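If you read the sequence shown in PDB author numbering, its first letter stands for residue 2, the second for the next number, and so on. Have a look at the structure below, then the notes.
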Amino acid sequence: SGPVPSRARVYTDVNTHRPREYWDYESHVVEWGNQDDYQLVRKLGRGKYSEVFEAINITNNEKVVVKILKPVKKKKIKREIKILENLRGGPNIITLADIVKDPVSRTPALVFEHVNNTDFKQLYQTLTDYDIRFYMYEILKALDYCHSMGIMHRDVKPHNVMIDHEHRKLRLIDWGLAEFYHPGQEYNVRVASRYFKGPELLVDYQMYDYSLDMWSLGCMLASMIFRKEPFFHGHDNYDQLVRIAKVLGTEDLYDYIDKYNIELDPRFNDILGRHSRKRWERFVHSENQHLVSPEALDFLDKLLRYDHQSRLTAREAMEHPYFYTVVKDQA
Ligand SMILES: O=C(O)Cc1c[nH]c2cc(Cl)ccc12
Ligand SMILES: O=C(O)Cc1c[nH]c2cc(Cl)ccc12
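Rendered as structure tokens:
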């Protein structure tokens, strides 16, 4: 009979009330700078979607980050460029300084502000319980801003949180998968990294919204406070839902399926089984108790929900008791 429709419950119509140029990135006109403004210094890593380099702007001798874009539809490039341009100056959003194209190889490249190459996956065992709360809050700042701007990130994971610990600086990067949210649009589900893929993606429910970023945040939170990385470690996209179900239980999984009238892959028919919902206490142990509290546990539970609509929004998360002393200290 077809899936049941769904609307985001915050920032639902933000993009409708913008000029078309705001979200119609397909017609955006890129103005290209000169790639001879920059000399590449060293490779910073990454693959698949790009190759990232540290680079010097010869004009001001200031360090810069250059993402050579790997061949993909021109519109996906315009999309990322326009989302970046739209989010420029947002709290903890990476800042685009320029766009250039190889003189010969016509390959486009994005030039970014520099931040000290340390992302969130490393920096791990050095994080205290207050550090987790402070960096989680900083990520929520960036998530709530882009959401309020009609944009969902869709690849939230530790490799995409850059941090300068010495200055408590954090930047949400990689906007290459980000989309504008439009009420009633059916989105591609092959986004995100497996361990951070929301259930909606795994059961092919396409009318999803910002709350997908909140699931992915929940996955990060869990692996940190429990010191199990990743927390849902599935061997593929299908087994990734089974891992989730072994923890959230199958009762709620199937109520979600029913509520939105989702037709499940006949596959899953044989692998999901019956699984109670576990109490978070079962993942607590002596090496991570110092990171677990009633506050963290309450907050985590409120992010990891099958039903994308019962997950906390960014702004609700930011008001959770979990963040009280970071909210206090920051003022
Ligand atoms: O070494 C290269 O690939 C050529 C090249 C020199 N400087 C650049 C700056 C950008 Cl942004 C992109 C490509 C280049
Ligand atoms: O923006 C992106 O998607 C590319 C990227 C990968 N690693 C980085 C580190 C910094 Cl500091 C700035 C930007 C990047």
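Backbone N, C-alpha and C fix where the C-beta goes; we use that ideal spot for every residue, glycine too.
Residue environment, residue i, which counts as buried when at least 16 other CB atoms sit within 10 Å
{"i": "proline 295", "result": "exposed"}
{"i": "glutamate 22", "result": "exposed"}
{"i": "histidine 154", "result": "buried"}
{"i": "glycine 219", "result": "buried"}
{"i": "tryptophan 216", "result": "buried"}
{"i": "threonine 127", "result": "exposed"}
{"i": "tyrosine 39", "result": "buried"}
{"i": "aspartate 14", "result": "exposed"}
{"i": "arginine 134", "result": "buried"}
{"i": "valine 5", "result": "exposed"}
{"i": "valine 101", "result": "buried"}
{"i": "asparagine 16", "result": "buried"}
{"i": "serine 7", "result": "buried"}
{"i": "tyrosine 125", "result": "exposed"}
{"i": "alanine 318", "result": "buried"}
{"i": "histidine 286", "result": "exposed"}
Test item: CB-CB of residue i and residue j under 8 Å
{"i": "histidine 160", "j": "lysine 122", "result": "yes"}
{"i": "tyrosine 182", "j": "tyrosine 12", "result": "yes"}
{"i": "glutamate 114", "j": "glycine 177", "result": "no"}
{"i": "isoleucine 152", "j": "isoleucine 84", "result": "yes"}
{"i": "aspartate 130", "j": "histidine 291", "result": "yes"}
{"i": "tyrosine 211", "j": "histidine 168", "result": "no"}
{"i": "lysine 76", "j": "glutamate 27", "result": "yes"}
{"i": "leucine 202", "j": "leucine 249", "result": "no"}
{"i": "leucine 273", "j": "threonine 251", "result": "yes"}
{"i": "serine 2", "j": "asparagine 189", "result": "no"}
Cβ-Cβ separation, residue j to residue i (assumed contact under 8 Å), whole Å
{"i": "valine 112", "j": "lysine 170", "result": "With a Cβ gap of about 19 Å, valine 112 and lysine 170 do not count as contacting."}
{"i": "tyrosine 307", "j": "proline 200", "result": "5 Å"}
{"i": "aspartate 214", "j": "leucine 144", "result": "5 Å"}
{"i": "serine 194", "j": "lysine 247", "result": "That belief does not hold up - the Cβ atoms of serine 194 and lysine 247 are roughly 20 Å apart, past 8 Å."}
{"i": "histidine 309", "j": "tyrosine 209", "result": "6 Å"}
{"i": "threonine 108", "j": "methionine 163", "result": "With 8 Å as the limit, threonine 108 and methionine 163 do not qualify as a contact, their Cβ atoms being about 24 Å apart."}
{"i": "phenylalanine 324", "j": "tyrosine 138", "result": "5 Å"}
{"i": "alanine 98", "j": "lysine 68", "result": "Contact doesn't hold; Cβ gap of about 11 Å is too wide."}
{"i": "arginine 172", "j": "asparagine 93", "result": "6 Å"}
{"i": "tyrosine 196", "j": "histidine 234", "result": "6 Å"}
Three-state secondary structure (DSSP) of residue i
{"i": "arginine 195", "result": "helix"}
{"i": "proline 6", "result": "coil"}
{"i": "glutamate 22", "result": "helix"}
{"i": "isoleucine 94", "result": "strand"}
{"i": "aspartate 256", "result": "helix"}
{"i": "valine 30", "result": "coil"}
{"i": "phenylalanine 135", "result": "helix"}
{"i": "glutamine 40", "result": "strand"}
{"i": "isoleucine 140", "result": "helix"}
{"i": "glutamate 180", "result": "strand"}
{"i": "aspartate 299", "result": "helix"}
{"i": "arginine 172", "result": "strand"}
{"i": "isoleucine 263", "result": "coil"}
{"i": "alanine 315", "result": "helix"}
Inter-residue spacing [alpha-carbon to alpha-carbon] between residue i and residue j
{"i": "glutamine 186", "j": "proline 104", "result": "38 Å"}
{"i": "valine 204", "j": "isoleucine 174", "result": "27 Å"}
{"i": "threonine 314", "j": "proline 72", "result": "34 Å"}
{"i": "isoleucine 95", "j": "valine 66", "result": "10 Å"}
{"i": "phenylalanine 227", "j": "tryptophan 24", "result": "39 Å"}
{"i": "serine 51", "j": "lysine 79", "result": "15 Å"}
{"i": "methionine 225", "j": "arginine 278", "result": "21 Å"}
{"i": "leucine 88", "j": "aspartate 156", "result": "16 Å"}
{"i": "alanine 56", "j": "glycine 91", "result": "24 Å"}
{"i": "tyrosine 257", "j": "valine 53", "result": "40 Å"}
{"i": "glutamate 32", "j": "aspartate 253", "result": "49 Å"}
{"i": "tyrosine 239", "j": "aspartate 259", "result": "19 Å"}
{"i": "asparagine 270", "j": "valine 243", "result": "11 Å"}
{"i": "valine 192", "j": "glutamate 282", "result": "31 Å"}
{"i": "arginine 316", "j": "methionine 150", "result": "13 Å"}
{"i": "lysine 229", "j": "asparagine 289", "result": "10 Å"}
{"i": "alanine 9", "j": "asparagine 58", "result": "42 Å"}
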